[PDB]
>>> print(open('final17.csv').read())   # CSV, N, CA and C atoms (P, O5', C5', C4', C3', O3' and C1' of nucleotides) and all ligand atoms
chain,number,residue,atom,x,y,z
E,12,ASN,N,102.2,102.7,119.1
E,12,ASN,CA,102.3,103.4,117.8
E,12,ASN,C,101.7,102.6,116.7
E,13,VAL,N,101.7,103.1,115.5
E,13,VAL,CA,101.1,102.5,114.3
E,13,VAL,C,101.7,103.2,113.0
E,14,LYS,N,101.5,102.6,111.9
E,14,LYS,CA,101.9,103.1,110.6
E,14,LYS,C,100.7,103.0,109.7
E,15,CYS,N,100.3,104.1,109.0
E,15,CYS,CA,99.1,104.2,108.2
E,15,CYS,C,99.2,103.3,107.0
E,16,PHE,N,98.1,102.6,106.6
E,16,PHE,CA,98.0,101.7,105.5
E,16,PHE,C,97.8,102.4,104.2
E,17,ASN,N,97.1,103.5,104.3
E,17,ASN,CA,96.7,104.4,103.2
E,17,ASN,C,97.9,105.3,102.7
E,18,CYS,N,99.0,105.5,103.6
E,18,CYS,CA,100.1,106.4,103.2
E,18,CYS,C,101.4,106.0,103.8
E,19,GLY,N,101.5,105.4,105.0
E,19,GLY,CA,102.7,105.0,105.7
E,19,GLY,C,102.9,105.8,107.0
E,20,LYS,N,102.6,107.1,107.0
E,20,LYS,CA,102.9,108.0,108.2
E,20,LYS,C,102.2,107.5,109.5
E,21,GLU,N,102.8,107.7,110.6
E,21,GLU,CA,102.3,107.3,111.9
E,21,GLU,C,101.3,108.3,112.4
E,22,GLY,N,101.0,108.3,113.7
E,22,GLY,CA,100.1,109.2,114.3
E,22,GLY,C,98.6,108.9,114.1
E,23,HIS,N,98.2,108.4,112.9
E,23,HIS,CA,96.9,108.1,112.5
E,23,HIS,C,96.9,106.7,111.8
E,24,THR,N,95.7,106.2,111.4
E,24,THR,CA,95.5,105.0,110.7
E,24,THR,C,94.7,105.3,109.4
E,25,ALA,N,94.6,104.4,108.5
E,25,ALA,CA,94.0,104.6,107.2
E,25,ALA,C,92.6,105.3,107.2
E,26,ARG,N,91.7,104.8,108.1
E,26,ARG,CA,90.4,105.5,108.4
E,26,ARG,C,90.5,107.0,108.6
E,27,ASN,N,91.6,107.4,109.3
E,27,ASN,CA,91.9,108.8,109.7
E,27,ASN,C,92.6,109.5,108.6
E,28,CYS,N,93.4,108.8,107.7
E,28,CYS,CA,94.1,109.4,106.6
E,28,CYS,C,93.2,109.9,105.6
E,29,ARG,N,93.3,111.3,105.4
E,29,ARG,CA,92.6,111.9,104.3
E,29,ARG,C,93.4,111.9,103.0
E,30,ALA,N,93.6,110.7,102.4
E,30,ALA,CA,94.3,110.4,101.2
E,30,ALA,C,93.6,109.4,100.4
E,31,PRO,N,93.9,109.3,99.1
E,31,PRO,CA,93.3,108.3,98.2
E,31,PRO,C,93.7,106.9,98.6
E,32,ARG,N,92.7,106.0,99.0
E,32,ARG,CA,92.9,104.7,99.5
E,32,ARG,C,92.6,103.7,98.4
E,33,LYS,N,93.0,102.4,98.7
E,33,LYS,CA,93.0,101.3,97.7
E,33,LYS,C,91.7,100.6,97.9
E,34,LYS,N,91.4,99.6,96.9
E,34,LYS,CA,90.2,98.8,96.9
E,34,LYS,C,90.4,97.6,97.8
E,35,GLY,N,91.5,96.8,97.4
E,35,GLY,CA,91.8,95.5,98.0
E,35,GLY,C,92.8,95.6,99.2
E,36,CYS,N,93.1,94.4,99.8
E,36,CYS,CA,94.1,94.1,100.8
E,36,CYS,C,95.3,95.0,100.6
E,37,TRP,N,95.6,95.9,101.6
E,37,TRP,CA,96.7,96.8,101.5
E,37,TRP,C,98.0,96.1,101.4
E,38,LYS,N,98.2,95.0,102.1
E,38,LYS,CA,99.5,94.3,102.1
E,38,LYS,C,99.8,93.5,100.8
E,39,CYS,N,99.0,92.4,100.7
E,39,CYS,CA,99.2,91.5,99.5
E,39,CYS,C,98.8,92.1,98.2
E,40,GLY,N,97.6,92.8,98.2
E,40,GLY,CA,97.1,93.4,96.9
E,40,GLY,C,95.7,92.9,96.6
E,41,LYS,N,95.4,91.6,96.7
E,41,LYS,CA,94.1,91.0,96.4
E,41,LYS,C,92.9,91.7,97.1
E,42,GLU,N,91.7,91.6,96.7
E,42,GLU,CA,90.6,92.4,97.3
E,42,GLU,C,89.5,91.7,98.0
E,43,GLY,N,89.2,90.6,97.4
E,43,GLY,CA,88.3,89.5,97.8
E,43,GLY,C,88.4,89.3,99.4
E,44,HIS,N,89.4,89.8,100.1
E,44,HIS,CA,89.5,89.9,101.5
E,44,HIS,C,90.4,91.1,101.9
E,45,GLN,N,90.5,91.4,103.2
E,45,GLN,CA,91.2,92.6,103.7
E,45,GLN,C,92.6,92.3,104.3
E,46,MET,N,93.4,93.3,104.6
E,46,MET,CA,94.7,93.1,105.2
E,46,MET,C,94.6,92.3,106.5
E,47,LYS,N,93.7,92.7,107.4
E,47,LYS,CA,93.4,92.0,108.7
E,47,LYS,C,93.1,90.5,108.4
E,48,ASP,N,92.2,90.3,107.4
E,48,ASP,CA,91.7,89.0,107.0
E,48,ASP,C,92.9,88.1,106.5
E,49,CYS,N,93.7,88.7,105.7
E,49,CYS,CA,94.8,88.0,105.0
E,49,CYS,C,95.9,87.5,105.9
E,50,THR,N,96.3,86.3,105.6
E,50,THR,CA,97.4,85.5,106.2
E,50,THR,C,98.2,84.8,105.1
E,51,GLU,N,98.3,85.4,103.9
E,51,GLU,CA,99.0,84.9,102.8
E,51,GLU,C,100.5,84.8,103.1
E,52,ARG,N,101.3,85.9,102.9
E,52,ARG,CA,102.7,86.0,103.2
E,52,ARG,C,102.9,87.3,104.0
E,53,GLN,N,102.3,87.4,105.2
E,53,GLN,CA,102.6,88.5,106.1
E,53,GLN,C,103.8,88.1,107.0
E,54,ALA,N,105.0,88.2,106.3
E,54,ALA,CA,106.3,88.0,107.0
E,54,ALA,C,106.6,89.3,107.7
E,55,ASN,N,106.7,90.4,107.0
E,55,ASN,CA,107.0,91.7,107.5
E,55,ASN,C,106.5,92.8,106.5
G,1,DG,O5',91.9,112.8,131.2
G,1,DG,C5',93.0,112.1,131.7
G,1,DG,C4',93.6,111.3,130.6
G,1,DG,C3',94.1,112.1,129.3
G,1,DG,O3',95.3,112.6,129.6
G,1,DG,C1',93.1,109.9,128.8
G,2,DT,P,96.2,113.4,128.4
G,2,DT,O5',97.2,112.2,128.0
G,2,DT,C5',98.3,111.8,128.8
G,2,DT,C4',98.9,110.5,128.3
G,2,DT,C3',99.8,110.7,127.1
G,2,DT,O3',100.9,109.7,127.2
G,2,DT,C1',98.0,109.2,126.7
G,3,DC,P,101.9,109.5,126.0
G,3,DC,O5',101.3,108.2,125.3
G,3,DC,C5',101.3,106.9,125.9
G,3,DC,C4',100.4,105.9,125.2
G,3,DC,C3',101.0,105.5,123.8
G,3,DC,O3',101.2,104.1,123.8
G,3,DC,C1',98.7,105.9,123.7
G,4,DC,P,101.6,103.2,122.5
G,4,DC,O5',100.2,102.7,122.0
G,4,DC,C5',99.4,101.8,122.8
G,4,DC,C4',98.0,101.5,122.1
G,4,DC,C3',98.2,100.9,120.7
G,4,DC,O3',97.4,99.7,120.7
G,4,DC,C1',96.7,102.7,120.6
G,5,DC,P,97.6,98.6,119.4
G,5,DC,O5',96.5,99.2,118.3
G,5,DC,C5',95.1,99.1,118.5
G,5,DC,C4',94.4,99.8,117.3
G,5,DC,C3',95.0,99.4,115.9
G,5,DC,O3',94.0,99.3,114.9
G,5,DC,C1',95.0,101.7,116.1
G,6,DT,P,92.8,98.2,114.8
G,6,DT,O5',92.2,98.8,113.4
G,6,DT,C5',91.6,100.1,113.3
G,6,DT,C4',91.5,100.5,111.8
G,6,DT,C3',90.8,99.4,111.0
G,6,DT,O3',89.4,99.6,111.0
G,6,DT,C1',92.9,99.9,110.1
G,7,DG,P,88.4,98.5,110.3
G,7,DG,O5',88.3,99.1,108.8
G,7,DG,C5',88.0,100.4,108.5
G,7,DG,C4',87.9,100.6,107.0
G,7,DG,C3',86.7,99.8,106.3
G,7,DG,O3',85.9,100.8,105.7
G,7,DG,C1',88.8,99.4,105.2
G,8,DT,P,85.2,100.7,104.2
G,8,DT,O5',84.9,102.2,104.0
G,8,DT,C5',83.8,102.8,104.8
G,8,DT,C4',84.0,104.4,104.9
G,8,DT,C3',84.0,105.1,103.6
G,8,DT,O3',83.2,106.3,103.7
G,8,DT,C1',85.9,105.6,104.8
G,9,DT,P,83.0,107.4,102.5
G,9,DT,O5',83.7,108.7,103.1
G,9,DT,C5',83.2,109.3,104.3
G,9,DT,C4',84.2,110.4,104.8
G,9,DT,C3',84.3,111.6,103.9
G,9,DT,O3',84.1,112.7,104.7
G,9,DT,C1',86.4,110.6,104.4
G,10,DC,P,84.9,114.1,104.6
G,10,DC,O5',86.2,113.6,105.5
G,10,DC,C5',86.6,114.2,106.7
G,10,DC,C4',86.5,113.2,107.9
G,10,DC,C3',87.9,112.7,108.4
G,10,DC,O3',88.2,113.4,109.6
G,10,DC,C1',86.1,111.2,108.6
G,11,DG,P,89.5,113.1,110.5
G,11,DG,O5',89.0,112.0,111.6
G,11,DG,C5',87.8,112.2,112.4
G,11,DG,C4',87.7,111.2,113.5
G,11,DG,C3',87.6,111.9,114.9
G,11,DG,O3',86.9,111.2,115.8
G,11,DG,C1',89.4,110.5,114.9
G,12,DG,P,85.3,111.1,115.9
G,12,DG,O5',85.1,109.6,116.4
G,12,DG,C5',85.2,108.5,115.5
G,12,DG,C4',85.5,107.2,116.2
G,12,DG,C3',84.7,107.1,117.6
G,12,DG,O3',84.4,105.7,117.8
G,12,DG,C1',87.1,106.9,117.9
G,13,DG,P,83.6,105.2,119.1
G,13,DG,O5',84.8,104.5,119.9
G,13,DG,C5',85.3,103.3,119.6
G,13,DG,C4',86.5,102.9,120.5
G,13,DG,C3',86.1,102.8,121.9
G,13,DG,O3',86.7,101.6,122.5
G,13,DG,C1',88.1,104.1,121.6
G,14,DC,P,86.4,101.1,124.0
G,14,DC,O5',87.5,102.0,124.8
G,14,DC,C5',88.9,102.0,124.5
G,14,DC,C4',89.7,102.2,125.8
G,14,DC,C3',89.2,101.5,127.0
G,14,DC,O3',90.3,101.1,127.9
G,14,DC,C1',89.2,103.8,127.4
X,1,ZN,ZN,98.0,108.1,106.2
X,2,ZN,ZN,95.8,89.8,101.2
>>> encode(input="final17.csv", output="C-alpha cells")
Amino acid sequence: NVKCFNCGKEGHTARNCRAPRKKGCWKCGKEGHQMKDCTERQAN
DNA sequence: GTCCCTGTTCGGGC
C-alpha cells in the first residue's frame, strides 16, 4: 500500500492524483530537491 | 497481475 503525497488518500500516488500539487519537497517543504531526494528530518 | 508506488495531469510497472 501507499499514501498519496498530493492529498493523503491511498490507492494511488501523487502522479495519479488529479489534485493541485506542490512545487517543492512534499515532506520538508524546500524545493531545491524532492521528497525522495530529501534526508533532512524524515523521522515519520 | 494483485499489489506496489511518487514530482505531472495523467495509472504504469511485473
Ligand atoms: Zn491523492
Ligand atoms: Zn526536503
>>> residues_near_ligand(input="final17.csv", ligand="ligand ZN 2 (chain X)", cutoff="6 Å", atoms="only C-alpha atoms (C1' of nucleotides) and all ligand atoms", output="ChimeraX atom specification")
/E:36,38-41,45-46,49
>>> interface_residues(input="final17.csv", of="chain E", to="chain G", cutoff="6.5 Å", atoms="all atoms listed in the file", output="compact mmCIF listing (two decimals) with N, CA and C atoms, keeping the file's coordinate frame")
# COMPACT_ATOMS: atom_id res chain seq x y z
N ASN E 12 102.20 102.70 119.10
CA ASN E 12 102.30 103.40 117.80
C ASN E 12 101.70 102.60 116.70
N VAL E 13 101.70 103.10 115.50
CA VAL E 13 101.10 102.50 114.30
C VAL E 13 101.70 103.20 113.00
N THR E 24 95.70 106.20 111.40
CA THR E 24 95.50 105.00 110.70
C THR E 24 94.70 105.30 109.40
N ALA E 25 94.60 104.40 108.50
CA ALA E 25 94.00 104.60 107.20
C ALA E 25 92.60 105.30 107.20
N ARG E 26 91.70 104.80 108.10
CA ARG E 26 90.40 105.50 108.40
C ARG E 26 90.50 107.00 108.60
N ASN E 27 91.60 107.40 109.30
CA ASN E 27 91.90 108.80 109.70
C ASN E 27 92.60 109.50 108.60
N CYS E 28 93.40 108.80 107.70
CA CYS E 28 94.10 109.40 106.60
C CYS E 28 93.20 109.90 105.60
N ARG E 29 93.30 111.30 105.40
CA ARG E 29 92.60 111.90 104.30
C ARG E 29 93.40 111.90 103.00
>>> closest_atom_pairs(input="final17.csv", of="chain E", to="ligand ZN 1 (chain X)", cutoff="5 Å", atoms="only N, CA and C atoms and all ligand atoms", output="tab-separated table")
residue	atom	partner	partner_atom	distance
E:15	CA	X:ZN1	ZN	4.5
E:17	C	X:ZN1	ZN	4.5
E:18	N	X:ZN1	ZN	3.8
E:19	N	X:ZN1	ZN	4.6
E:20	N	X:ZN1	ZN	4.8
E:28	CA	X:ZN1	ZN	4.1
>>> write_last_selection(input="final17.csv", atoms="N, CA and C atoms", output="PDB file, in the coordinates of the input")
ATOM      1  N   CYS E  15     100.300 104.100 109.000  1.00  0.00           N
ATOM      2  CA  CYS E  15      99.100 104.200 108.200  1.00  0.00           C
ATOM      3  C   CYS E  15      99.200 103.300 107.000  1.00  0.00           C
ATOM      4  N   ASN E  17      97.100 103.500 104.300  1.00  0.00           N
ATOM      5  CA  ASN E  17      96.700 104.400 103.200  1.00  0.00           C
ATOM      6  C   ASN E  17      97.900 105.300 102.700  1.00  0.00           C
ATOM      7  N   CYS E  18      99.000 105.500 103.600  1.00  0.00           N
ATOM      8  CA  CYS E  18     100.100 106.400 103.200  1.00  0.00           C
ATOM      9  C   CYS E  18     101.400 106.000 103.800  1.00  0.00           C
ATOM     10  N   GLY E  19     101.500 105.400 105.000  1.00  0.00           N
ATOM     11  CA  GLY E  19     102.700 105.000 105.700  1.00  0.00           C
ATOM     12  C   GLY E  19     102.900 105.800 107.000  1.00  0.00           C
ATOM     13  N   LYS E  20     102.600 107.100 107.000  1.00  0.00           N
ATOM     14  CA  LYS E  20     102.900 108.000 108.200  1.00  0.00           C
ATOM     15  C   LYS E  20     102.200 107.500 109.500  1.00  0.00           C
ATOM     16  N   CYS E  28      93.400 108.800 107.700  1.00  0.00           N
ATOM     17  CA  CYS E  28      94.100 109.400 106.600  1.00  0.00           C
ATOM     18  C   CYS E  28      93.200 109.900 105.600  1.00  0.00           C
TER      19      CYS E  28
END
>>> atom_distance(input="final17.csv", atom1="atom N of residue E:48", atom2="atom N of residue E:23")
19.8 Å
>>> atom_distance(input="final17.csv", atom1="atom CA of residue E:37", atom2="atom CA of residue E:16")
6.5 Å
>>> atom_distance(input="final17.csv", atom1="atom C of residue E:35", atom2="atom N of residue E:47")
8.7 Å
